[PDB]
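Student: Okay, so here is entry.cif, and as you'll see once you scroll down, it has mmCIF, N, CA and C atoms.
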```cif
data_final
#
loop_
_atom_site.label_atom_id
_atom_site.label_comp_id
_atom_site.auth_asym_id
_atom_site.auth_seq_id
_atom_site.Cartn_x
_atom_site.Cartn_y
_atom_site.Cartn_z
N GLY O 133 144.92 196.29 204.46
CA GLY O 133 143.55 196.31 203.98
C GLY O 133 142.80 197.57 204.37
N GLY O 134 143.34 198.29 205.36
CA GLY O 134 142.71 199.53 205.79
C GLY O 134 142.71 200.59 204.71
N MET O 135 143.84 200.76 204.03
CA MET O 135 143.94 201.73 202.96
C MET O 135 143.57 201.08 201.63
N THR O 136 143.21 201.92 200.66
CA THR O 136 142.89 201.47 199.31
C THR O 136 143.74 202.29 198.34
N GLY O 137 144.96 201.82 198.11
CA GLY O 137 145.84 202.49 197.18
C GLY O 137 145.43 202.26 195.74
N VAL O 138 146.12 202.96 194.84
CA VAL O 138 145.84 202.91 193.41
C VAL O 138 144.38 203.26 193.17
N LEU O 139 144.03 204.54 193.38
CA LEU O 139 142.66 204.98 193.16
C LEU O 139 142.25 204.80 191.70
N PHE O 140 143.16 205.12 190.78
CA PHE O 140 143.00 204.87 189.35
C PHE O 140 141.77 205.57 188.78
N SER O 141 141.78 206.90 188.80
CA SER O 141 140.66 207.68 188.29
C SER O 141 140.48 207.47 186.79
N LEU O 142 139.22 207.46 186.36
CA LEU O 142 138.87 207.30 184.95
C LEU O 142 138.16 208.57 184.49
N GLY O 143 138.84 209.35 183.67
CA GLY O 143 138.29 210.58 183.13
C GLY O 143 138.05 210.45 181.64
N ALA O 144 139.01 210.93 180.85
CA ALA O 144 138.93 210.83 179.40
C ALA O 144 139.01 209.40 178.89
N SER O 145 139.37 208.44 179.75
CA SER O 145 139.43 207.05 179.32
C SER O 145 138.09 206.57 178.78
N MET O 146 136.99 207.16 179.24
CA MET O 146 135.67 206.86 178.70
C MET O 146 135.13 207.96 177.80
N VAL O 147 135.70 209.17 177.85
CA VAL O 147 135.30 210.22 176.93
C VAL O 147 135.83 209.94 175.53
N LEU O 148 136.93 209.18 175.44
CA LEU O 148 137.66 209.04 174.18
C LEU O 148 136.78 208.50 173.06
N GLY O 149 135.71 207.78 173.40
CA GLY O 149 134.78 207.35 172.38
C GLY O 149 133.79 208.39 171.90
N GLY O 150 133.59 209.45 172.67
CA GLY O 150 132.60 210.47 172.37
C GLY O 150 131.84 210.84 173.63
N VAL O 151 131.33 212.06 173.66
CA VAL O 151 130.68 212.60 174.84
C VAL O 151 129.19 212.30 174.85
N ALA O 152 128.53 212.36 173.70
CA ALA O 152 127.12 211.99 173.65
C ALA O 152 126.91 210.51 173.91
N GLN O 153 127.95 209.69 173.77
CA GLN O 153 127.81 208.27 174.03
C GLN O 153 127.60 207.97 175.51
N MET O 154 128.13 208.82 176.39
CA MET O 154 127.98 208.61 177.82
C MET O 154 126.70 209.24 178.37
N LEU O 155 125.91 209.89 177.52
CA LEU O 155 124.57 210.32 177.89
C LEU O 155 123.48 209.53 177.18
N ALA O 156 123.72 209.12 175.94
CA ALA O 156 122.80 208.31 175.16
C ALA O 156 123.58 207.12 174.59
N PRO O 157 123.01 205.92 174.61
CA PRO O 157 123.76 204.72 174.21
C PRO O 157 123.87 204.50 172.70
N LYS O 158 123.55 205.48 171.87
CA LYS O 158 123.66 205.37 170.41
C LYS O 158 122.74 204.30 169.84
N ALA O 159 122.75 204.13 168.52
CA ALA O 159 121.89 203.17 167.84
C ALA O 159 122.73 202.34 166.88
N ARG O 160 122.22 201.17 166.54
CA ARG O 160 122.93 200.22 165.70
C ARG O 160 122.41 200.29 164.27
N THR O 161 123.28 200.69 163.35
CA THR O 161 122.95 200.72 161.94
C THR O 161 122.99 199.30 161.36
N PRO O 162 122.14 199.00 160.38
CA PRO O 162 122.18 197.68 159.75
C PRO O 162 123.40 197.53 158.86
N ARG O 163 123.62 196.29 158.43
CA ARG O 163 124.72 195.96 157.54
C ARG O 163 124.28 196.27 156.11
N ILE O 164 125.19 196.83 155.32
CA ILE O 164 124.88 197.19 153.94
C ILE O 164 125.21 196.02 153.02
N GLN O 165 124.28 195.69 152.13
CA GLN O 165 124.49 194.65 151.13
C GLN O 165 124.84 195.29 149.78
N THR O 166 125.16 194.43 148.81
CA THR O 166 125.49 194.85 147.46
C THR O 166 124.36 194.56 146.48
N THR O 167 123.80 193.35 146.52
CA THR O 167 122.67 193.01 145.67
C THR O 167 121.43 193.82 146.02
N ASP O 168 121.38 194.39 147.22
CA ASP O 168 120.28 195.25 147.64
C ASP O 168 120.41 196.63 146.99
N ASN O 169 121.55 196.93 146.37
CA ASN O 169 121.86 198.21 145.75
C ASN O 169 121.98 199.31 146.80
N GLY O 170 120.99 200.19 146.89
CA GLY O 170 121.09 201.32 147.78
C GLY O 170 119.90 201.51 148.69
N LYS O 171 119.04 200.50 148.77
CA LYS O 171 117.86 200.56 149.64
C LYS O 171 118.30 200.25 151.06
N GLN O 172 118.49 201.30 151.87
CA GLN O 172 119.02 201.15 153.22
C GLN O 172 117.88 200.84 154.18
N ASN O 173 117.54 199.56 154.26
CA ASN O 173 116.48 199.12 155.16
C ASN O 173 116.93 199.21 156.61
N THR O 174 116.00 199.55 157.49
CA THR O 174 116.24 199.66 158.92
C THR O 174 115.65 198.44 159.64
N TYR O 175 115.67 198.46 160.97
CA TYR O 175 115.16 197.35 161.76
C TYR O 175 113.72 197.51 162.21
N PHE O 176 112.99 198.51 161.73
CA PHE O 176 111.60 198.65 162.13
C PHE O 176 110.68 198.86 160.94
N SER O 177 111.03 198.31 159.78
CA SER O 177 110.18 198.41 158.60
C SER O 177 110.28 197.12 157.79
N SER O 178 109.15 196.70 157.23
CA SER O 178 109.13 195.53 156.35
C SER O 178 107.89 195.64 155.47
N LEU O 179 108.10 195.88 154.18
CA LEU O 179 107.01 196.07 153.23
C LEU O 179 106.87 194.89 152.28
N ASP O 180 107.38 193.72 152.68
CA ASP O 180 107.29 192.53 151.84
C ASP O 180 106.91 191.33 152.69
N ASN O 181 106.35 190.32 152.03
CA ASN O 181 105.97 189.10 152.72
C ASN O 181 107.20 188.26 153.03
N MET O 182 107.29 187.80 154.27
CA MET O 182 108.41 186.99 154.73
C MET O 182 107.95 185.55 154.90
N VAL O 183 108.89 184.69 155.25
CA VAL O 183 108.62 183.27 155.42
C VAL O 183 108.75 182.90 156.89
N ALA O 184 107.72 182.24 157.42
CA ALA O 184 107.65 181.91 158.84
C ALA O 184 108.13 180.48 159.09
N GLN O 185 109.41 180.24 158.82
CA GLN O 185 110.04 178.96 159.11
C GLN O 185 111.10 179.17 160.18
N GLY O 186 110.84 178.64 161.37
CA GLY O 186 111.82 178.73 162.46
C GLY O 186 112.24 180.14 162.78
N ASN O 187 111.36 181.11 162.56
CA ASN O 187 111.65 182.51 162.78
C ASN O 187 110.79 183.02 163.93
N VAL O 188 110.92 184.31 164.23
CA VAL O 188 110.21 184.93 165.34
C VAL O 188 109.02 185.70 164.78
N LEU O 189 107.99 185.84 165.59
CA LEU O 189 106.79 186.54 165.15
C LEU O 189 106.95 188.02 165.45
N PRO O 190 106.90 188.90 164.45
CA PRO O 190 107.16 190.32 164.69
C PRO O 190 106.05 190.97 165.49
N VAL O 191 106.38 192.10 166.12
CA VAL O 191 105.41 192.89 166.88
C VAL O 191 105.27 194.26 166.23
N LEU O 192 104.14 194.90 166.48
CA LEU O 192 103.83 196.22 165.94
C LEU O 192 103.40 197.14 167.07
N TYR O 193 103.81 198.40 167.00
CA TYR O 193 103.55 199.34 168.09
C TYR O 193 102.70 200.54 167.71
N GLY O 194 102.78 201.04 166.47
CA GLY O 194 101.88 202.10 166.08
C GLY O 194 101.90 202.45 164.60
N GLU O 195 100.73 202.48 163.98
CA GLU O 195 100.54 202.89 162.59
C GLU O 195 101.48 202.08 161.69
N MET O 196 102.01 202.71 160.64
CA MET O 196 103.13 202.18 159.85
C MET O 196 102.80 200.82 159.24
N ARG O 197 101.95 200.88 158.21
CA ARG O 197 101.62 199.73 157.38
C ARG O 197 102.83 198.83 157.13
N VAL O 198 102.64 197.53 157.35
CA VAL O 198 103.71 196.55 157.28
C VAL O 198 103.27 195.36 156.44
N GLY O 199 104.24 194.52 156.10
CA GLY O 199 103.98 193.26 155.43
C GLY O 199 103.51 192.21 156.41
N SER O 200 104.00 190.98 156.27
CA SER O 200 103.56 189.89 157.14
C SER O 200 104.52 188.73 156.98
N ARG O 201 104.18 187.60 157.60
CA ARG O 201 104.86 186.33 157.40
C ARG O 201 103.84 185.32 156.91
N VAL O 202 104.02 184.82 155.69
CA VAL O 202 103.02 183.95 155.08
C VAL O 202 103.04 182.60 155.77
N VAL O 203 101.86 182.13 156.17
CA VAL O 203 101.73 180.84 156.82
C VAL O 203 101.07 179.79 155.92
N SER O 204 100.12 180.18 155.07
CA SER O 204 99.49 179.22 154.17
C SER O 204 99.03 179.94 152.91
N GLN O 205 99.46 179.43 151.75
CA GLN O 205 99.06 179.95 150.45
C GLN O 205 98.57 178.80 149.59
N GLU O 206 97.39 178.95 149.01
CA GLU O 206 96.74 177.86 148.29
C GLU O 206 95.79 178.44 147.26
N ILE O 207 95.70 177.76 146.11
CA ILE O 207 94.79 178.15 145.04
C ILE O 207 93.84 176.99 144.76
N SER O 208 92.55 177.29 144.71
CA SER O 208 91.52 176.31 144.39
C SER O 208 90.62 176.88 143.31
N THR O 209 89.67 176.06 142.85
CA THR O 209 88.70 176.52 141.87
C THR O 209 87.63 177.36 142.56
N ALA O 210 87.39 178.56 142.03
CA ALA O 210 86.41 179.46 142.61
C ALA O 210 85.00 178.96 142.33
N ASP O 211 84.36 178.37 143.34
CA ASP O 211 82.99 177.90 143.16
C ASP O 211 82.03 179.08 143.08
N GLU O 212 80.89 178.84 142.42
CA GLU O 212 79.89 179.88 142.27
C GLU O 212 79.01 179.91 143.52
N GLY O 213 78.93 181.07 144.16
CA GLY O 213 78.11 181.22 145.34
C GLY O 213 78.21 182.58 145.98
N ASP O 214 77.08 183.13 146.42
CA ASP O 214 77.04 184.39 147.15
C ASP O 214 76.26 184.21 148.45
N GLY O 215 76.06 185.31 149.16
CA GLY O 215 75.27 185.29 150.38
C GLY O 215 73.79 185.36 150.10
N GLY O 216 73.26 184.33 149.45
CA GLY O 216 71.85 184.31 149.07
C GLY O 216 71.57 183.18 148.11
N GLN O 217 70.52 183.37 147.31
CA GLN O 217 70.09 182.37 146.34
C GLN O 217 70.28 182.82 144.90
N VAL O 218 70.60 184.09 144.67
CA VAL O 218 70.76 184.63 143.32
C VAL O 218 72.09 184.11 142.78
N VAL O 219 72.03 183.13 141.88
CA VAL O 219 73.21 182.43 141.39
C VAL O 219 73.23 182.41 139.87
N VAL O 220 72.68 183.45 139.24
CA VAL O 220 72.60 183.47 137.79
C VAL O 220 73.99 183.49 137.17
N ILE O 221 74.23 182.59 136.22
CA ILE O 221 75.46 182.57 135.44
C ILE O 221 75.22 182.85 133.96
N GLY O 222 74.05 183.36 133.59
CA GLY O 222 73.76 183.66 132.20
C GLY O 222 74.52 184.87 131.68
N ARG D 640 89.22 173.18 127.90
CA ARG D 640 89.01 173.88 129.15
C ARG D 640 88.95 172.87 130.29
N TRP D 641 89.33 173.32 131.47
CA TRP D 641 89.39 172.44 132.63
C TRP D 641 89.13 173.27 133.88
N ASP D 642 89.48 172.72 135.04
CA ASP D 642 89.41 173.43 136.30
C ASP D 642 90.78 173.39 136.98
N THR D 643 90.93 174.18 138.04
CA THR D 643 92.19 174.26 138.76
C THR D 643 92.16 173.31 139.95
N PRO D 644 93.09 172.37 140.04
CA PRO D 644 93.09 171.44 141.18
C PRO D 644 93.66 172.07 142.44
N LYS D 645 93.83 171.27 143.49
CA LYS D 645 94.50 171.75 144.69
C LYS D 645 95.93 172.18 144.36
N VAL D 646 96.35 173.30 144.93
CA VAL D 646 97.55 173.99 144.48
C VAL D 646 98.29 174.58 145.67
N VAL D 647 99.62 174.55 145.62
CA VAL D 647 100.48 175.26 146.56
C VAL D 647 101.24 176.33 145.79
N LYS D 648 101.36 177.52 146.39
CA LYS D 648 102.02 178.66 145.77
C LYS D 648 101.34 179.07 144.47
N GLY D 649 101.85 178.60 143.34
CA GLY D 649 101.26 178.92 142.05
C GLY D 649 101.55 177.83 141.05
N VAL D 650 100.71 177.77 140.01
CA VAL D 650 100.83 176.74 138.99
C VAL D 650 100.72 177.34 137.59
N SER D 651 101.23 176.57 136.63
CA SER D 651 101.04 176.81 135.21
C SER D 651 100.55 175.51 134.59
N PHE D 652 99.97 175.61 133.40
CA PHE D 652 99.44 174.44 132.71
C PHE D 652 100.29 174.17 131.48
N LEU D 653 100.82 172.96 131.38
CA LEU D 653 101.61 172.52 130.24
C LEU D 653 100.77 171.52 129.45
N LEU D 654 100.49 171.84 128.19
CA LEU D 654 99.65 170.99 127.35
C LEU D 654 100.37 170.68 126.05
N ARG D 655 100.36 169.41 125.67
CA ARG D 655 100.98 168.96 124.44
C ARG D 655 99.97 168.15 123.64
N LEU D 656 100.17 168.12 122.33
CA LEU D 656 99.24 167.49 121.40
C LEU D 656 100.00 166.46 120.58
N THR D 657 99.46 165.25 120.49
CA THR D 657 100.06 164.19 119.71
C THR D 657 99.05 163.65 118.71
N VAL D 658 99.54 163.22 117.55
CA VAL D 658 98.69 162.75 116.46
C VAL D 658 99.05 161.30 116.16
N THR D 659 98.03 160.44 116.12
CA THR D 659 98.25 159.04 115.80
C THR D 659 98.63 158.90 114.33
N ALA D 660 99.73 158.19 114.07
CA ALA D 660 100.24 158.04 112.72
C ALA D 660 99.52 156.90 112.00
N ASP D 661 99.81 156.77 110.71
CA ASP D 661 99.17 155.75 109.89
C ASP D 661 99.60 154.35 110.31
N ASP D 662 100.89 154.17 110.62
CA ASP D 662 101.37 152.86 111.02
C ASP D 662 100.94 152.50 112.44
N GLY D 663 100.79 153.50 113.31
CA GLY D 663 100.38 153.26 114.68
C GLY D 663 101.18 154.04 115.70
N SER D 664 102.23 154.71 115.25
CA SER D 664 103.08 155.49 116.14
C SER D 664 102.40 156.83 116.44
N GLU D 665 103.14 157.75 117.05
CA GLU D 665 102.62 159.04 117.43
C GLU D 665 103.50 160.15 116.88
N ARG D 666 102.87 161.29 116.59
CA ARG D 666 103.56 162.48 116.12
C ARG D 666 103.15 163.64 117.00
N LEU D 667 104.13 164.35 117.56
CA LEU D 667 103.86 165.47 118.45
C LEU D 667 103.70 166.75 117.64
N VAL D 668 102.59 167.45 117.86
CA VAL D 668 102.32 168.73 117.21
C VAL D 668 102.30 169.81 118.28
N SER D 669 103.38 170.58 118.35
CA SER D 669 103.49 171.75 119.21
C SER D 669 103.35 171.43 120.70
N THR D 670 103.53 172.46 121.53
CA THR D 670 103.34 172.37 122.97
C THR D 670 103.15 173.78 123.49
N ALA D 671 102.58 173.89 124.69
CA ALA D 671 102.28 175.21 125.21
C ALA D 671 102.30 175.20 126.73
N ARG D 672 102.96 176.20 127.31
CA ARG D 672 102.88 176.47 128.74
C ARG D 672 102.14 177.79 128.93
N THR D 673 101.03 177.74 129.66
CA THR D 673 100.16 178.90 129.81
C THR D 673 99.74 179.05 131.26
N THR D 674 99.04 180.14 131.55
CA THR D 674 98.43 180.37 132.85
C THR D 674 96.91 180.37 132.81
N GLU D 675 96.30 180.76 131.70
CA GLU D 675 94.85 180.76 131.59
C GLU D 675 94.32 179.34 131.55
N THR D 676 93.10 179.16 132.05
CA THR D 676 92.51 177.83 132.12
C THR D 676 92.05 177.34 130.75
N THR D 677 91.65 178.25 129.87
CA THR D 677 91.09 177.90 128.57
C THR D 677 92.13 178.09 127.48
N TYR D 678 92.21 177.13 126.56
CA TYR D 678 93.13 177.22 125.43
C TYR D 678 92.40 176.84 124.15
N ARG D 679 92.88 177.35 123.03
CA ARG D 679 92.23 177.15 121.74
C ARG D 679 93.25 176.73 120.69
N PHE D 680 92.90 175.72 119.89
CA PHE D 680 93.71 175.28 118.77
C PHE D 680 92.98 175.53 117.46
N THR D 681 93.75 175.95 116.46
CA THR D 681 93.25 176.40 115.17
C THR D 681 94.06 175.74 114.06
N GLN D 682 93.39 175.46 112.94
CA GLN D 682 94.02 174.92 111.74
C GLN D 682 94.66 173.56 112.00
N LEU D 683 93.81 172.61 112.39
CA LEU D 683 94.22 171.23 112.61
C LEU D 683 93.77 170.38 111.44
N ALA D 684 94.62 169.43 111.05
CA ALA D 684 94.31 168.57 109.91
C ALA D 684 94.38 167.10 110.31
N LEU D 685 94.30 166.21 109.32
CA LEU D 685 94.38 164.76 109.52
C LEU D 685 93.18 164.31 110.35
N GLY D 686 93.34 163.24 111.12
CA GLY D 686 92.22 162.67 111.85
C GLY D 686 92.39 162.68 113.35
N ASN D 687 92.40 161.50 113.96
CA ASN D 687 92.39 161.40 115.41
C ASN D 687 93.68 161.94 116.02
N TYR D 688 93.56 162.51 117.21
CA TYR D 688 94.71 162.97 117.97
C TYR D 688 94.34 162.99 119.45
#
```
Before anything else, please render the file you have as structure tokens.
Tutor:
Amino acid sequence: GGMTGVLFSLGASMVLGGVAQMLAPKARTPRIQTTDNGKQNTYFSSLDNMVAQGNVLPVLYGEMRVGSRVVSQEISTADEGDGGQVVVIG
Amino acid sequence: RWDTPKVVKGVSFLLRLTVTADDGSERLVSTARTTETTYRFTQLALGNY
């Protein structure tokens, strides 16, 4: 137990994947679909309304106009009324 | 013409017209699926419907 044989140095065994990978951990590209055609969406953009069923609530960090997750949509009859008494319908 | 009731998502209006026959039965004259609240019928004949 005094000695520690089999030092087993690791050099190119970790370089073999690439050198910038051992300084920066790289990024994950999304999966490409077919019905989506060629619109390569990323993981930090959403310009359409989503559905909030058993999903997570997204967060925003700066600028970059985004869509939303619809929680309630309803149509009723538009009653006549303003912020006052002027209610002419002639 | 009518009003829009309580609604989820979106709605369309389906309207059909029936004409009472001479013996007592019914005759269907056309049908329409629309989105506008107001509809107009033109060139109608016979009596009650």
Student: Specify as a list in words all residues of chain D found within 6 Å of chain O, counting all atoms listed in the file.
Tutor: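 Written out as asked, the residues are residues 643, 644, 645, 646, 647 and 648 of chain D.
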Student: Taking N, CA and C atoms for each residue, export the selection above as a PDB file, keeping the file's coordinate frame.
Tutor:
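Written file, result.pdb:
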```pdb
ATOM      1  N   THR D 643      90.930 174.180 138.040  1.00  0.00           N
ATOM      2  CA  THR D 643      92.190 174.260 138.760  1.00  0.00           C
ATOM      3  C   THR D 643      92.160 173.310 139.950  1.00  0.00           C
ATOM      4  N   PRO D 644      93.090 172.370 140.040  1.00  0.00           N
ATOM      5  CA  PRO D 644      93.090 171.440 141.180  1.00  0.00           C
ATOM      6  C   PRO D 644      93.660 172.070 142.440  1.00  0.00           C
ATOM      7  N   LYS D 645      93.830 171.270 143.490  1.00  0.00           N
ATOM      8  CA  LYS D 645      94.500 171.750 144.690  1.00  0.00           C
ATOM      9  C   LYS D 645      95.930 172.180 144.360  1.00  0.00           C
ATOM     10  N   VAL D 646      96.350 173.300 144.930  1.00  0.00           N
ATOM     11  CA  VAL D 646      97.550 173.990 144.480  1.00  0.00           C
ATOM     12  C   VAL D 646      98.290 174.580 145.670  1.00  0.00           C
ATOM     13  N   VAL D 647      99.620 174.550 145.620  1.00  0.00           N
ATOM     14  CA  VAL D 647     100.480 175.260 146.560  1.00  0.00           C
ATOM     15  C   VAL D 647     101.240 176.330 145.790  1.00  0.00           C
ATOM     16  N   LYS D 648     101.360 177.520 146.390  1.00  0.00           N
ATOM     17  CA  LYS D 648     102.020 178.660 145.770  1.00  0.00           C
ATOM     18  C   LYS D 648     101.340 179.070 144.470  1.00  0.00           C
TER      19      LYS D 648
END
```
Student: Measure the distance from CA of residue 196 in chain O to CA of residue 159 in chain O in Å and round it to one decimal.
Tutor: 20.4 Å
Student: Using the chain letters and numbers from the file, which residues does the PyMOL selection byres (((chain D and resi 670 and name CA) around 6) and name CA) grab, as a VMD selection string?
Tutor: chain D and resid 654 to 655 669 671
Student: Just how far from atom N of residue 191 in chain O is atom C of residue 154 in chain O, in Å to one decimal?
Tutor: 29.3 Å
Student: Could you name the residues that touch residue 177 in chain O at 8 Å or less, counting all atoms listed in the file, but leaving out those on the same chain fewer than 2 positions away, as a list in words?
Tutor: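 So the residues in contact are residues 173, 174, 175, 179, 180, 196, 197, 198 and 199 of chain O.
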Student: Given the file above and the PyMOL selection byres (((chain D and resi 687 and name CA) around 12) and name CA), which residues are selected, and can you give them as a list in words?
Tutor: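 What the PyMOL selection byres (((chain D and resi 687 and name CA) around 12) and name CA) grabs from the file is residues 656, 657, 658, 659, 660, 661, 663, 665, 666, 683, 684, 685, 686 and 688 of chain D.
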Student: Keeping N, CA and C atoms for every residue in the selection just given, could you write it to a file as a tab-separated table (two decimals), in the coordinates of the input?
Tutor:
```tsv
chain	number	residue	atom	x	y	z
D	656	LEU	N	100.17	168.12	122.33
D	656	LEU	CA	99.24	167.49	121.40
D	656	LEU	C	100.00	166.46	120.58
D	657	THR	N	99.46	165.25	120.49
D	657	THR	CA	100.06	164.19	119.71
D	657	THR	C	99.05	163.65	118.71
D	658	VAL	N	99.54	163.22	117.55
D	658	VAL	CA	98.69	162.75	116.46
D	658	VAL	C	99.05	161.30	116.16
D	659	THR	N	98.03	160.44	116.12
D	659	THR	CA	98.25	159.04	115.80
D	659	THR	C	98.63	158.90	114.33
D	660	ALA	N	99.73	158.19	114.07
D	660	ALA	CA	100.24	158.04	112.72
D	660	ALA	C	99.52	156.90	112.00
D	661	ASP	N	99.81	156.77	110.71
D	661	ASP	CA	99.17	155.75	109.89
D	661	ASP	C	99.60	154.35	110.31
D	663	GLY	N	100.79	153.50	113.31
D	663	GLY	CA	100.38	153.26	114.68
D	663	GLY	C	101.18	154.04	115.70
D	665	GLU	N	103.14	157.75	117.05
D	665	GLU	CA	102.62	159.04	117.43
D	665	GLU	C	103.50	160.15	116.88
D	666	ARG	N	102.87	161.29	116.59
D	666	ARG	CA	103.56	162.48	116.12
D	666	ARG	C	103.15	163.64	117.00
D	683	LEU	N	93.81	172.61	112.39
D	683	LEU	CA	94.22	171.23	112.61
D	683	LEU	C	93.77	170.38	111.44
D	684	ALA	N	94.62	169.43	111.05
D	684	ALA	CA	94.31	168.57	109.91
D	684	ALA	C	94.38	167.10	110.31
D	685	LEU	N	94.30	166.21	109.32
D	685	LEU	CA	94.38	164.76	109.52
D	685	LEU	C	93.18	164.31	110.35
D	686	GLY	N	93.34	163.24	111.12
D	686	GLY	CA	92.22	162.67	111.85
D	686	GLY	C	92.39	162.68	113.35
D	688	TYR	N	93.56	162.51	117.21
D	688	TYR	CA	94.71	162.97	117.97
D	688	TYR	C	94.34	162.99	119.45
```
Student: So the first atom is CA of residue 195 in chain O and the second is atom N of residue 164 in chain O; what is the distance between them in Å, to one decimal place?
Tutor: 26.4 Å
Student: Could you pull the residues within 9 Å of residue 652 in chain D, counting only C-alpha atoms, minus those fewer than 3 positions along the same chain, as a list in words?
Tutor: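 Neighbouring residues, sequence-local ones excluded: residues 671, 672, 673, 674, 675 and 676 of chain D.
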Student: May I have the selected residues written with N, CA and C atoms, as a PDB file, in the frame of the given file?
Tutor:
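Result went into part_31.pdb, see below:
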```pdb
ATOM      1  N   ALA D 671     102.580 173.890 124.690  1.00  0.00           N
ATOM      2  CA  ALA D 671     102.280 175.210 125.210  1.00  0.00           C
ATOM      3  C   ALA D 671     102.300 175.200 126.730  1.00  0.00           C
ATOM      4  N   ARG D 672     102.960 176.200 127.310  1.00  0.00           N
ATOM      5  CA  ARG D 672     102.880 176.470 128.740  1.00  0.00           C
ATOM      6  C   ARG D 672     102.140 177.790 128.930  1.00  0.00           C
ATOM      7  N   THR D 673     101.030 177.740 129.660  1.00  0.00           N
ATOM      8  CA  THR D 673     100.160 178.900 129.810  1.00  0.00           C
ATOM      9  C   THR D 673      99.740 179.050 131.260  1.00  0.00           C
ATOM     10  N   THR D 674      99.040 180.140 131.550  1.00  0.00           N
ATOM     11  CA  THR D 674      98.430 180.370 132.850  1.00  0.00           C
ATOM     12  C   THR D 674      96.910 180.370 132.810  1.00  0.00           C
ATOM     13  N   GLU D 675      96.300 180.760 131.700  1.00  0.00           N
ATOM     14  CA  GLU D 675      94.850 180.760 131.590  1.00  0.00           C
ATOM     15  C   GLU D 675      94.320 179.340 131.550  1.00  0.00           C
ATOM     16  N   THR D 676      93.100 179.160 132.050  1.00  0.00           N
ATOM     17  CA  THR D 676      92.510 177.830 132.120  1.00  0.00           C
ATOM     18  C   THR D 676      92.050 177.340 130.750  1.00  0.00           C
TER      19      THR D 676
END
```
Student: Quick check for you: according to DSSP on this backbone, which residues of chain O are classed as alpha helix (DSSP H)? Reply as a PyMOL selection string.
Tutor: chain O and resi 144-147
Student: Apply DSSP to the backbone of this structure and, from range 142-216 of chain O, keep only the residues in strand (DSSP E); write these as JSON, numbers by chain.
Tutor: {"O": [181, 182, 183, 200, 201, 202, 206, 207]}
Student: Using only N, CA and C atoms, which protein or nucleic acid residues come within 6.5 Å of range 183-187 of chain O? Drop anything in the same chain fewer than 5 positions from it, and give the result as an mmCIF file with N, CA and C atoms, in the coordinates of the input.
Tutor:
```cif
data_model
loop_
_atom_site.group_PDB
_atom_site.id
_atom_site.type_symbol
_atom_site.label_atom_id
_atom_site.label_comp_id
_atom_site.auth_asym_id
_atom_site.auth_seq_id
_atom_site.Cartn_x
_atom_site.Cartn_y
_atom_site.Cartn_z
ATOM 1 N N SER O 200 104.000 190.980 156.270
ATOM 2 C CA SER O 200 103.560 189.890 157.140
ATOM 3 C C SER O 200 104.520 188.730 156.980
ATOM 4 N N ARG O 201 104.180 187.600 157.600
ATOM 5 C CA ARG O 201 104.860 186.330 157.400
ATOM 6 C C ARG O 201 103.840 185.320 156.910
ATOM 7 N N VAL O 202 104.020 184.820 155.690
ATOM 8 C CA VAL O 202 103.020 183.950 155.080
ATOM 9 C C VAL O 202 103.040 182.600 155.770
ATOM 10 N N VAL O 203 101.860 182.130 156.170
ATOM 11 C CA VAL O 203 101.730 180.840 156.820
ATOM 12 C C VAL O 203 101.070 179.790 155.920
#
```
